[PDB]
Amino acid sequence: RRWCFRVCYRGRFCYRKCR
């Protein structure tokens with residue numbers, strides 16, 4: 001299921017973000 005999208009940085013460093 002889909003829910004909030006977080007961008008990771010090269011398999012590391014992610015910026016969760018729900019909206």
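Don't overthink the numbers, they just go from 1 along the chain as shown.
Just so you know, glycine gets a Cβ as well, placed from its N, Cα and C.
Feature annotation from Swiss-Prot assigns disulfide bond to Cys4-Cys18 (among others); the stated evidence is experimental evidence. Taken residue by residue with DSSP, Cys18 (disulfide bond) is part of neither helix nor strand, so it is coil.
Residues annotated as disulfide bond in Swiss-Prot: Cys8-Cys14 (among others). Counted within 10 Å of its Cβ, the other Cβ atoms near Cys14 (disulfide bond) come to 10, all protein chains included.
Counting every protein chain shown, the number of other Cβ atoms lying within 10 Å of the Cβ of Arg19 (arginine amide) is 4. Residues or ranges marked as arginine amide by Swiss-Prot on the basis of experimental evidence: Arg19.
Across the structure, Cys14 (disulfide bond) and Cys4 (disulfide bond) are spaced 13 Å apart at their Cα atoms. The 10 Å shell around the Cβ of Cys4 (disulfide bond) contains 8 further Cβ atoms across the protein chains shown. Within 10 Å of the Cβ of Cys18 (disulfide bond) there are 7 other Cβ atoms, across all protein chains. The two recorded residues, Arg19 (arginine amide) and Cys8 (disulfide bond), show a Cα separation of 17 Å.
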